[PDB]
Amino acid sequence: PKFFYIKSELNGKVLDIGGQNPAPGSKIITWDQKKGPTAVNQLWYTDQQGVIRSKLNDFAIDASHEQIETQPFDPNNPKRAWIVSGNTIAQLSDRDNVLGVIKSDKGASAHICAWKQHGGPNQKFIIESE
Ligand SMILES: OC[C@H]1O[C@@H](O[C@H]2[C@H](O)[C@@H](O)[C@H](O)O[C@@H]2CO)[C@H](O)[C@@H](O)[C@H]1O
């Protein structure tokens, strides 16, 4: 029941499941922080292991494709176990691999990818209580 927002230190927006799409494989973007029962697609929590999940469907963050998207949690899939570590959303099995915001080149909402930690604010996040 302890949910939170993940805000980018790059654009000050927050991780958000694209268009509130509940289906697995939905792209995760950054969007203006909403408030109320409509913020569900922007709310996250950590399971007992500390692995990040979405309040919307309990799905985990998955970095199997070009951009991060939601996918059912699988303890056997290394690209679906992401945890909070200070200012970074780190891959549980490889802390050197962290999430980072990447602005759009087409004037759309920014997307997210996972790559080597390079110290930029694009790879820093702030956990913000609900
Ligand atoms: O565009 C991302 C943005 O979508 C909001 O939801 C919209 C969707 O964008 C729009 O195309 C559709 O017609 O209506 C949806 C309901 O508002 C999300 O609420 C927002 O968080 C972003 O994900």
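When a residue number appears, it is its place in the shown sequence, counting from 1. In listed order, ligands and their atoms are each counted from 1.
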Identity and separation of the nearest protein heavy atom to atom 21 (O) of ligand 1: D16 OD2, 2.4 Å
Geometric N/O contact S109 with ligand 1, under 3.5 angstrom: no
Contact check, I17 vs ligand 1, heavy-atom distance below 4.0 Å: yes
In one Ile/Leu/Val/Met/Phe/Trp/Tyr side-chain cluster, 4.5 Å: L10, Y5: no
Donor-acceptor under 3.5 Å (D96 side chain, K116 main chain): no
Nearest protein heavy atom with distance in Å, relative to atom 16 (C) of ligand 1: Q20 OE1, 3.8 Å
Any non-hydrogen protein atom less than 4.0 Å away from atom 1 (O) of ligand 1: yes
Protein contact for atom 14 (O) of ligand 1 (heavy atom, distance under 4.0 Å): no
Joint hydrophobic cluster, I17 plus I127, side-chain heavy atoms closer than 4.5 Å: yes
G19, any N or O under 3.5 Å of ligand 1 N or O: yes
Shortest protein contact, atom 18 (C) of ligand 1 (heavy atom only): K34 NZ, 3.8 Å
Heavy-atom protein neighbour under 4.0 angstrom from atom 10 (C) of ligand 1: no
